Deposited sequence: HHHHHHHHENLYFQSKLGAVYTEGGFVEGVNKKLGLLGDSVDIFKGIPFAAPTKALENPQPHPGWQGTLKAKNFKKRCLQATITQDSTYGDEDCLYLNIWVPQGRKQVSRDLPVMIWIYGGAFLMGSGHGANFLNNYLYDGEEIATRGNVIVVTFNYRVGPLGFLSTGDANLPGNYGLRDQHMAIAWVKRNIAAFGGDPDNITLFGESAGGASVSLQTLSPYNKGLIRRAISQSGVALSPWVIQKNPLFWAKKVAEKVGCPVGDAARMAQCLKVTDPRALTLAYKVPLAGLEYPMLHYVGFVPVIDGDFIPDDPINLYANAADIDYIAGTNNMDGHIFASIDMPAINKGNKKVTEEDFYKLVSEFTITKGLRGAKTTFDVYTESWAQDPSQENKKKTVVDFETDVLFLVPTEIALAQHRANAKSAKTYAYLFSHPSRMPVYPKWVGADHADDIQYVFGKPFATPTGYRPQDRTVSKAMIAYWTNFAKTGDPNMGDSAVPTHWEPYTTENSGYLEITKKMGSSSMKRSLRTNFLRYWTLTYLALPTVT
């Protein structure tokens, strides 16, 4: 009931077996399988040469080279394109034809992921992997000298390896689900939209991030390539000459070269390149016509970022004023000028007449950031996916479970990335740090997620679920709200549709100013 040495395209791989319980269940764990060669700075990934004998996949390998926590140093290595696999095993035979879920992490467009709980509770295979981030993942001139999107190609290389090789581990290669959060959710979305993945992906889950979020596509890469070159001493007059100089700069200097609202400081991210991303992502959804799709957000997703743009929200000691909010709103709506700043300010502060409390005003700032960074882009992606669906199902969720006491006792919510610990079963892996109801939420999310992996239907699979999750259509606009106490009223509809319509209809029709 164990895997032993596993035959892959590159050679034999040996993992470890961890016995779970006393009746014969276990899990096979593989860490550090290479899926591409050691990377070259600002060059596309390459096949990894095969190896002789048996590769011992016992330890996580280094991550890709990236800036530390205080932007003063680096960690990781150029030899970083590795993946890890968790295979659950029963008492009788070794597993076969299991659904495969590939996690793409986020954190680099705006750390420890262990697949054991999802795999064993959901009877699926979980894959994690590294891709290149920052300047080394996304530096670009916008043309063929330095086309960008290296990190997206890394992700695609890992998915293609899984398609070629996972059957030997007991996986079904025709049933691959991608799932990921923040940048990883946006990357999941971008992978479903790229022609590169045709035939590779069965379904996908975007958590707090889609290709349409405004922090995903850099439309002025050449401006950012120049700021890096000028700091590392490269010339900036020619594209082909700056690019080559960047390609032979110390990769640590490229990484540390670079250290107004938070969104204006999104730099080294995917670009529309005419190749991996052939067009604006909004025009690509026919590529996902047959990829089942969950997308969702957290109901306080924007709170961390509103806190950076306006620290006054996190202390009843200080106040947020109409003038502070107008300034924030005005910088987001610049391309529509004074007129666009006012219509937006007016719509969001309409409730301030009846409720002028700092609780309501500070909540409005959070809602504004949640809407424009996460919720509205996600609602547009759901509609776009639904509109282009042939066989694909579409599902929407809102994650609202609090993990901690709020600033105001009515700010019941989940902040950005709060969803990860529940999806990954941390309340069961380290239960002393968690409450009973936390395990209730985690149990339900793993059930929905891995049912969806197995069948494309979050309600149908190996696990019972608390409430029926109705597929999204243009007519029902339904979403599942995920809380510690779920029942039939957890299926809701029309989330903040007045603000959806404001952004998609009213704001779009206003003239562009210069």
- prompt: Where are the gaps relative to the deposited sequence?
  reply: 1-14, 125-136, 286-292
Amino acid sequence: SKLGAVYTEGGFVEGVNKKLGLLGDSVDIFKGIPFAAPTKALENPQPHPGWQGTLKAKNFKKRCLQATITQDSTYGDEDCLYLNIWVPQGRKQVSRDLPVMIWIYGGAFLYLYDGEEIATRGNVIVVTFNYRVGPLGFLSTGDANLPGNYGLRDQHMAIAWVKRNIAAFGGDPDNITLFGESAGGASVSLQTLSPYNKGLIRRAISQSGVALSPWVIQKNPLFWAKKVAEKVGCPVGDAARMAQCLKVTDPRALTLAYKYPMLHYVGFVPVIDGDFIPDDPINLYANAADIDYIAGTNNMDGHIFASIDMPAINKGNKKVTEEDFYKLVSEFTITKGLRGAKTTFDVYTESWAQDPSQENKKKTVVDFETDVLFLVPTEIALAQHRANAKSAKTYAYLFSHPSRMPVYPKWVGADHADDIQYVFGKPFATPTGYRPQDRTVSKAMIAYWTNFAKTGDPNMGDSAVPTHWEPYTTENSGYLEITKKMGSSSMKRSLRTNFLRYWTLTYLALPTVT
From here on, numbers count along this sequence of modelled residues.
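Under this definition, the rigid core comprises the largest set of C-alpha atoms superposing within 1.5 Å between the forms.
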field: RMS Cα shift after core superposition in 5 other deposited structures of this protein, winner of 304-312 and 129-137
entry: 304-312
task: Output the stretch, either 353-361 or 383-391, that has more C-alpha displacement from this form in 5 other deposited structures of this protein following superposition by the rigid core.
output: 353-361
field: Gap at residue 401 across at least one third of the other PDB entries
entry: no
task: Would you mind checking whether residue 260 is unresolved in the model of at least a third of the other PDB entries compared?
output: no
message: Going by the mean C-alpha B-factor recorded in the entry, which is higher: 451-459 or 64-72?
response: 64-72
statement: As the entry reports it, the stretch among 229-237 and 388-396 with higher mean C-alpha B factor is 229-237
- prompt: Which one of 149, 213, 432, 192 shows the biggest C-alpha B-factor in the PDB entry?
  reply: 432
342, 156, 416, 259, ranked by C-alpha B-factor: the highest one: 259
Position of residue 100 among the chain's modelled residues by C-alpha B-factor, lowest, middle or highest third: lowest
Third of the chain's Cα B-factor distribution that residue 199 belongs to, per the entry: middle
task: Give the position of residue 332 by CA B-factor within its chain, expressed as the lowest, middle or highest third.
output: middle
- request: Looking at the entry's B-factor column for C-alpha atoms only, identify whether residue 52 ranks in the lowest, middle or highest third of its chain.
  value: highest
statement: Of the three thirds of the chain ranked by Cα temperature factor, residue 470 occupies the lowest
